[PDB]
Amino acid sequence: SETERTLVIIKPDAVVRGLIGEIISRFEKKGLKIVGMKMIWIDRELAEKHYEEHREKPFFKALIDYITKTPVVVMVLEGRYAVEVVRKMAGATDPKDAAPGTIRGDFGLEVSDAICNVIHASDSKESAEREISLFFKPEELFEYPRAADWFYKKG
Amino acid sequence: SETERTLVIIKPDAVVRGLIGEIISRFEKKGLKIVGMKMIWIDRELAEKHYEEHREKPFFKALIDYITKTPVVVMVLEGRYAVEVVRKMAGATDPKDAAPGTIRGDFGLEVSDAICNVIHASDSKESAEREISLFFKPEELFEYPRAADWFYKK
Amino acid sequence: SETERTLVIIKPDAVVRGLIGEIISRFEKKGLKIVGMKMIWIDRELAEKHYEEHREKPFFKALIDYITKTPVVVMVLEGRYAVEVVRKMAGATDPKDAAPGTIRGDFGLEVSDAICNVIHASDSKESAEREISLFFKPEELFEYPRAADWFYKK
Amino acid sequence: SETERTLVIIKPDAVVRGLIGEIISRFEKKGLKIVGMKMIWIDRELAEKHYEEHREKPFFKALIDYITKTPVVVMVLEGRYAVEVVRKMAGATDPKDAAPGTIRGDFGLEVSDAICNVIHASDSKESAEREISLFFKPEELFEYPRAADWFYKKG
Amino acid sequence: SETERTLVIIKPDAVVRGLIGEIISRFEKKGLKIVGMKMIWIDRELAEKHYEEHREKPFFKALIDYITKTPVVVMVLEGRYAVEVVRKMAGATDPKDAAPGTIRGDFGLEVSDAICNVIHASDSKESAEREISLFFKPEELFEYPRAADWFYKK
Amino acid sequence: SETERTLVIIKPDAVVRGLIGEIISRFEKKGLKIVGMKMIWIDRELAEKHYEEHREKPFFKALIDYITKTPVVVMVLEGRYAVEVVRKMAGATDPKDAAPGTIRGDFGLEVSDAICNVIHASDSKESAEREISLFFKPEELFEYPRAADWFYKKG
Ligand SMILES: Nc1ncnc2c1ncn2[C@@H]1O[C@H](COP(=O)(O)OP(=O)(O)O)[C@@H](O)[C@H]1O
Ligand SMILES: Nc1ncnc2c1ncn2[C@@H]1O[C@H](COP(=O)(O)OP(=O)(O)O)[C@@H](O)[C@H]1O
Ligand SMILES: Nc1ncnc2c1ncn2[C@@H]1O[C@H](COP(=O)(O)OP(=O)(O)O)[C@@H](O)[C@H]1O
Ligand SMILES: Nc1ncnc2c1ncn2[C@@H]1O[C@H](COP(=O)(O)OP(=O)(O)O)[C@@H](O)[C@H]1O
Ligand SMILES: Nc1ncnc2c1ncn2[C@@H]1O[C@H](COP(=O)(O)OP(=O)(O)O)[C@@H](O)[C@H]1O
Ligand SMILES: Nc1ncnc2c1ncn2[C@@H]1O[C@H](COP(=O)(O)OP(=O)(O)O)[C@@H](O)[C@H]1O
Ligand SMILES: [Cl-]
Ligand SMILES: [Cl-]
Ligand SMILES: [Cl-]
Ligand SMILES: [Cl-]
Ligand SMILES: [Cl-]
Ligand SMILES: [Cl-]
Ligand SMILES: [Cl-]
Ligand SMILES: [Cl-]
Ligand SMILES: [Cl-]
Ligand SMILES: [Cl-]
Ligand SMILES: [Cl-]
Ligand SMILES: [Cl-]
Ligand SMILES: [Mg+2]
Ligand SMILES: [Mg+2]
Ligand SMILES: [Mg+2]
Ligand SMILES: [Mg+2]
Ligand SMILES: [Mg+2]
Ligand SMILES: [Mg+2]
């Protein structure tokens, strides 16, 4: 099946700037389904677990302080090739390099010791699965129809 | 204190139509702070506790079917006179009577056996307290600064 | 039945200013269904039939010049109490008196010898019937499901 | 003259999802002039005529069912190099590949047996001319000034 | 003549929150013409002249601190009955009482010792004249055609 | 420091079309700070000085008539790598070539004898400095905090 689920994190800079709604609307408008979502305040341990692949990098500590600065909104998006699609929508890691039209391209620029880039998106199906597990329990993910779902059925 | 918290529910019709982000943005743009939020699927038992005041009304059952139709997004908004403000932003219960500019006025219209109207908003500080305890534990509510908070402090 | 159809005309001033899409979106977002629509260029004869009720008024001629100035977009919107709802969304006849949030309130202001106000909306179910027959043949009106129609059915 | 006319079809998925207005606004905002437009319900014959170049392709039947599923909004856009411009605005055929900022990039993703991609745009001046003829009579296309037209006159 | 000019000030809270463009767009979309505009940083002396009518009120000092907190954008809007129209678009002085759809209604809420409300708008043609002279020289005010001006001329 | 200031001009076509607000919002949303701004009516001399590098080009005269046609809004934007960032946001010189999502890509298309492209952005730090000087006096540029400035401080 082409249907995939990816993990998205609306980072502290987006939350503080009041951009939660604008970001969610971009996914809803794209046709992606929100099967899970909640506002939480990530602590060091969970943050270092999510960003485990960067534990041995110079900017690690700044990243942890950044992602745990204020509450974030974690959510699981479901849809056709959702992982690559959401990555494309996010834009280049450093927002100054992100193309106009992408989330980072339109909303990000300024940075602290960490490259503040509005949101996080799983880079692969493998990462998505591992990441979704860290933030969501099966009981927090739902199966339900979005308005136009019936339109895409294959007779 | 003028700062108060209110409970908002982005109803199944809003979720299905993909209006979650647009509704949330209206509050963020107003200066309201999201101190708690999560997508959940309300069951009949919890729904009836929330809408206890309507238990004796003709539309009760249909209202419970409606609010439990699909998952919803429950959230707590904090800000100066948040309760009356959000109620004002929401608009009249029946979307056809809601003024343009309000959430129900701009997004609502069609109905089922229940009057579908995009969102729910606590009707008083007392009710918000009750409704918030119904959906959230203290550990799901947060205190943090929004970008412009410093501007208003003395 | 609460479902009714109303006739809307996106006037020459709206067309010239490039507001067709924005106006249409307001209706789509409300949950109203476009069951008919087309860009046409109304001539004096058809215009006078449409605005027959104003034939004896001082501003009649200027109103006919205005509505026939450039092409317009005539469309039929369907939905629960569509007539009064669209009228509500449109706002006061004179844009300066129209409330912010309404179409005339947000987009209208400047006038000519006619009170330019972005759009026209039928004033009753009876008038809509009459006006729709004036601009559309039955074959130009369609019945189809909008994405969320199923949500409201029992 | 650089002024060209292209044929645009707001396909059934966009109509059902209530995206007609948002799509039209993008063209109006770009400065393109709507010289013709109407909501119609395409039947098999007309659909197979419009997509004549794909009659011998595997996905043909799905495309015909798709484009004739519900009423559509056909319109003729006029403006400087309108054909290539509108194609660029549309984005890649498969919306998952369309760049953020384009119509398909922002609005499309899910597919049925046909690659549902929000809208159709003539691929060439030749196609535009042939396509405009299939849907519009000369009497349905108009010549009128848009607000800023006077600004671009060449003294 | 119905065409008049009014003075608007996009207050420090609006500037800090990055709402300058959104506020300006509301006026442009209404059909109002920007004939003058500039970012400046008002000092106490100029601020008190602008708000002279409030010199004897309890909130005077806090109002002067507020309007001089950060730079602001002062602009002159021209159009049919521009004064009452902009006042209508702005909404009630206290944002919590401002109707959804208005600028203060959609963007304002939080306050300091002064009632922070996004923008200032002249309350009469007479006051606008006075306020415009306070911030602009004749050479900073312009007469030019907006795209659709020709549509309204006879 | 990565913080730079660039000079932006909302050209006559954008002013006449009532696009001033929409353009400003894109920068504000990106996180760029407006440290200077004002509506002025550029005269020939100042225009030929701003576009000094094009004095020996065929389209020079058309450009001067264009940029001095109606009042414009000049503004100085401040932010991390603002010069390259704003250039990216502007899009390709000829708006028909500008990508969807960019200012020129979304708003520009039609041209007169000059390639009307909605706005102007300094092409380099050197140009920015020279251009800012032509339109703004030090007394018209301000230092003040934007809402989220505190969020990016490097502890
Ligand atoms: N070199 C860096 N310096 C500081 N912070 C960085 C750097 N690289 C990445 N970051 C931060 O760490 C996050 C994760 O890094 P990475 O996985 O490379 O980016 P991506 O979000 O595109 O997958 C980035 O989104 C950004 O928030
Ligand atoms: N008469 C009615 N028939 C069907 N449903 C109704 C009716 N009145 C209200 N409702 C539904 O019940 C919900 C709760 O009722 P009430 O508290 O009176 O409205 P509100 O949500 O505006 O406070 C309304 O939001 C609407 O969804
Ligand atoms: N007094 C007037 N002078 C000039 N034009 C007017 C006047 N009153 C109304 N109009 C124009 O005639 C149109 C039709 O009049 P009416 O039906 O009374 O208003 P409405 O369109 O709100 O139903 C109005 O929309 C407006 O365009
Ligand atoms: N391989 C495919 N499978 C299913 N549907 C397709 C496929 N390719 C194209 N389509 C559908 O047929 C339409 C026309 O095909 P084509 O001309 O190649 O795309 P375009 O709209 O970019 O010109 C596409 O827009 C899409 O709706
Ligand atoms: N009672 C008050 N306490 C504190 N500040 C106030 C009070 N009333 C008004 N203000 C502030 O003073 C400004 C000017 O007052 P006033 O002219 O009465 O309101 P308006 O700006 O709506 O015309 C108001 O916009 C608001 O910023
Ligand atoms: N070949 C041309 N013909 C007419 N006008 C042009 C041409 N090239 C550029 N222009 C106009 O002159 C302006 C400045 O030229 P240039 O610096 O090359 O573009 P840019 O704004 O991308 O730096 C362009 O933005 C456009 O307004
Ligand atoms: Cl990118
Ligand atoms: Cl949907
Ligand atoms: Cl209401
Ligand atoms: Cl904020
Ligand atoms: Cl009204
Ligand atoms: Cl729908
Ligand atoms: Cl693309
Ligand atoms: Cl135009
Ligand atoms: Cl009000
Ligand atoms: Cl205009
Ligand atoms: Cl580009
Ligand atoms: Cl900010
Ligand atoms: Mg990564
Ligand atoms: Mg209630
Ligand atoms: Mg009438
Ligand atoms: Mg093709
Ligand atoms: Mg006052
Ligand atoms: Mg240049």
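Counting convention: from 1, in listed order, for ligands and their atoms alike. Each chain gets a letter, A, B and so on, in the order its sequence line appears, and its residues count up from 1. Basis for what follows: all heavy atoms, side chains included, without hydrogens, waters or symmetry-related copies.
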Which N or O atoms of ligand 6 sit under 3.5 Å from a protein N or O, and how far apart is each pair?
{"from": "ligand 6", "atom 1": "5 (N)", "to": "F:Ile115", "atom 2": "N", "distance (Å)": "3.0"}
{"from": "ligand 6", "atom 1": "17 (O)", "to": "F:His54", "atom 2": "NE2", "distance (Å)": "3.2"}
{"from": "ligand 6", "atom 1": "21 (O)", "to": "F:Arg104", "atom 2": "NH2", "distance (Å)": "3.0"}
{"from": "ligand 6", "atom 1": "22 (O)", "to": "F:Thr93", "atom 2": "OG1", "distance (Å)": "2.6"}
{"from": "ligand 6", "atom 1": "22 (O)", "to": "F:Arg104", "atom 2": "NH1", "distance (Å)": "3.4"}
{"from": "ligand 6", "atom 1": "23 (O)", "to": "F:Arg87", "atom 2": "NH1", "distance (Å)": "3.1"}
{"from": "ligand 6", "atom 1": "25 (O)", "to": "F:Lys11", "atom 2": "NZ", "distance (Å)": "3.1"}
{"from": "ligand 6", "atom 1": "25 (O)", "to": "F:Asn117", "atom 2": "OD1", "distance (Å)": "3.4"}
{"from": "ligand 6", "atom 1": "25 (O)", "to": "F:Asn117", "atom 2": "ND2", "distance (Å)": "2.6"}
{"from": "ligand 6", "atom 1": "27 (O)", "to": "F:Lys11", "atom 2": "NZ", "distance (Å)": "3.0"}
{"from": "ligand 6", "atom 1": "27 (O)", "to": "F:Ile115", "atom 2": "O", "distance (Å)": "3.0"}

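- Between the side chains of D:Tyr66 and D:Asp113, no donor N or O sits under 3.5 Å from an acceptor N or O.
- Using a 4.5 Å heavy-atom cutoff, the side chains of C:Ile24 and C:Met37 are in contact.
- Using cut-offs of 30° and 60° on the angle between ring planes, the pair C:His50 and C:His120 is perpendicular.
- For the residue pair C:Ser124 and C:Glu126, a side-chain donor N or O sits within less than 3.5 Å of a side-chain acceptor on the partner.
- Using a cutoff of 4.0 Å between basic side-chain nitrogens and carboxylate oxygens, E:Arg80 and C:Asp94 are scored as salt-bridged.
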**Request:** Take D:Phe107 and D:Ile119 through the test side-chain contact (heavy atoms from CB on, under 4.5 Å) and record every step on the way to the result.
**Result:** CA-CA 10 Å; D:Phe107 306 134; D:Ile119 74 302; over 6 Å; no
